[PDB]
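Need a 3D model of the sequence below.
(2 chains, ligands or ions: 1)
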Amino acid sequence: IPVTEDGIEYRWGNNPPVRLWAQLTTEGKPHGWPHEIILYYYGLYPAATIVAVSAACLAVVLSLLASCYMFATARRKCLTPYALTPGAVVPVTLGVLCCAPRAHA
Amino acid sequence: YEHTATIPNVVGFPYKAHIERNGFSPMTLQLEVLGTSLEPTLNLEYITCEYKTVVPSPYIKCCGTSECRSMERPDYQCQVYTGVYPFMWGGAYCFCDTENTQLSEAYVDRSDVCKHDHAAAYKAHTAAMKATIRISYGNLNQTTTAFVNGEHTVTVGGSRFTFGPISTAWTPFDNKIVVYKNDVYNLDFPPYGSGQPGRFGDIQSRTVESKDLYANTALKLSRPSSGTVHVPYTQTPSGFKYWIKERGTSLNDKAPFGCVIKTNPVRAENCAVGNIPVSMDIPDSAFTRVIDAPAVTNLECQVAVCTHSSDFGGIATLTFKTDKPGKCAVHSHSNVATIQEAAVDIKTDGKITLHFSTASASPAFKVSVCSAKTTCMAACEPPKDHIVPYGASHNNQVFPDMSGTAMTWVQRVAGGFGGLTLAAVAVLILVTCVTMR
Ligand SMILES: *[C@@H]1O[C@H](CO)[C@@H](O)[C@H](O)[C@H]1NC(C)=O
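Numbers count the residues shown, from 1 in each chain, chains lettered A, B, ... in the order given. Sharing the structure here:
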């Protein structure tokens, strides 16, 4: 039979009713290394916790992609004009790897 | 001094209510719910029972002349037969053959055990709920009985209590019900107009006064054979017996909140739903002034173990300087964790022990001593791992503290990942402002 945090009754023959409900139980260390906190938080309330993990992962990847795109746009607006002009080079001393416009010579 | 509070409607669950009027030492109230019940309104539409097929002795008349009549008692079947030649142990009686009159009549009536073995039907309506409450405070401990309706009082002493309207009404009863020998069912019965011959309430007679015994049991007579005397008829079996035989799965095992049902005033007892409000007025003579038991000084807390969620695992120690010994009320301000012990005395040593309980893993409750209050957080790791044979003693709200000590690093790594984007935005703004010129 299943049992949850609400309660389960008994009627086996003519015995008086018996009332039981489940504990909070679960396994894993709840104040330890990162790869048991998720296990503890997942064993209790199995639903909506993997949803939380997925949402956190989505936020992290969105942040990483946004930072990368902003850096790329900043680099382009930084030193696209030096790719223009007839000939010419990068100042190097003013900037060589701070904006990283390295493309042969 | 009126005060308001709300209590979950759970039997066998202590409740704490701390009164903190200024100019006096704050005190606590212990609330206990002891067997609340609920009672609906009844209407007693009609009654059902078995039927007796009253059939008198058959009428043989040896002249051949017909004789038909019809009185007003229920469901006569006026049938007359001709050309019958009955037999009898004396060989035969009379002489004329093929010219005889058989008059056979029958009807239905109630049974002898209709007074006892009958079943009743009722209609649901607005329902009022009993509430037996135990109240205690300093040197006072008393039970009472209220209505938890819009208005009622208790007057346990100089103080009065009013239990406001119920939060909701998820009554197990609904529309129409059937009551029969310490049991009820949510079975829709046919109306008083008519009923199918055999389903249920084939007799839909009214109250036990036995007036206008309606019946639709579909009698039908038949022509007797030539062998001997007969009274043949066709009669479907009583639907009351079939309904008793099938029965099954009474409403006692169908309450959507485990609400044990009784039958004397057709009541349902010991079920939890919603919460009950309360407003109490306490006289000024029920407590001492602030000149008694000043125990503020400084104050710090420590936690030994927090084996939580079962009965009480939060063993906490409180240390503080204080004046002369005396009583001191204690409670918890936040509802994350709750304590058991009411007002507790203080000795000159200044060390006391408390037993709290919670459902989370990083509680951040604020234990308040009868005049002071301090923050108190615990490292509540150990999850008890069994299945409990008794009730719960805490709120079901579980959530780690926003500051806490468990998920701090998760919050800080998320903040760092956001900070990289913030720095990227800032450097982009700087670059675009520089290149705009
Ligand atoms: C109130 O009195 C009853 C008397 O039987 C007792 O069982 C109960 O424990 C008392 N209440 C408290 C809080 O001690």
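
Next, count neighbours for residue B:239.
When neighbours are counted by other Cβ atoms under 10 Å in any protein chain shown, residue B:239 registers 21. Every residue, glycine included, has its C-beta placed from N, CA and C.

That one: what's it in contact with?
B:197, B:198, B:199, B:200, B:201, B:202 (Cβ atoms under 8 Å, 6 or more residues apart in numbering or on different chains).

Please report the distance of the fourth one from residue B:111.
Per Cβ to Cβ, to the nearest Å, residue B:200 is found 16 Å from residue B:111.

repeat for the third one
Look at residue B:199 and residue B:111: by Cβ to Cβ, they are 19 Å apart.

Those two: which is more packed in?
Using other Cβ under 10 Å as the criterion, residue B:199 and residue B:111 rank with residue B:111 on top: 16 against 12.

if I look at the residue lying farthest from the centre of chain A, how far off is the ligand?
Relative to the centre of chain A, the most outlying C-alpha is that of residue A:14, 54.5 Å out, by Cα atoms, centre = their mean. Noted for residue A:14: a distance of 30 Å to the ligand, by Cβ to the nearest ligand atom, to the nearest Å.

wait, does the lengthiest helix in chain A make contact with chain B?
Criterion DSSP state H: the longest helix present in chain A is helix A:49-79. Yes - contact between helix A:49-79 and chain B, assessed by Cβ under 8 Å from any Cβ of the partner chain, occurs at A:56, A:59-60, A:63-64, A:66-67, A:70-71, A:73-74, A:77-78.

Tabulate those (CSV), appending neighbour count.
Converted to CSV, those look like this (neighbours: other Cβ atoms under 10 Å in any protein chain shown):
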residue, neighbour count
A:56, 14
A:59, 13
A:60, 14
A:63, 19
A:64, 13
A:66, 14
A:67, 19
A:70, 19
A:71, 16
A:73, 14
A:74, 19
A:77, 15
A:78, 21
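
Now flag whichever of the residues you listed is closest to the ligand.
The shortest approach to the ligand among the residues of helix A:49-79 next to chain B belongs to residue A:56, at 46.9 Å (Cβ to the nearest ligand atom).

Could you find the closest non-adjacent residue to the closest one?
residue B:414 (7.5 Å; Cβ to Cβ, 6 or more residues apart in numbering or on different chains).

so what secondary structure elements neighbour the host helix or strand of the one you found?
If you go by DSSP states H and E, residue B:414 is part of helix B:408-436. Counting contacts by 3 or more Cβ pairs under 8 Å, 6 or more residues apart in numbering or on different chains; DSSP states H and E, helix B:408-436 packs against helix A:49-79.

Tell me who's in contact with the closest residue to the ligand within chain A.
With Cβ to the nearest ligand atom as the measure, residue A:19 is the residue of chain A nearest to the ligand, at 21.7 Å. The contact partners of residue A:19, taken as Cβ under 8 Å, 6+ apart, are A:7, A:8, A:9, A:10, B:258.

Buried ones among those residues?
Among the contacts of residue A:19, none is buried by neighbour count (16 or more other Cβ atoms under 10 Å in any protein chain shown).

Looking at those residues, spot the one nearest residue B:339.
Residue B:339 lies nearest to residue A:7 out of these, by Cβ to Cβ, at 24.6 Å.
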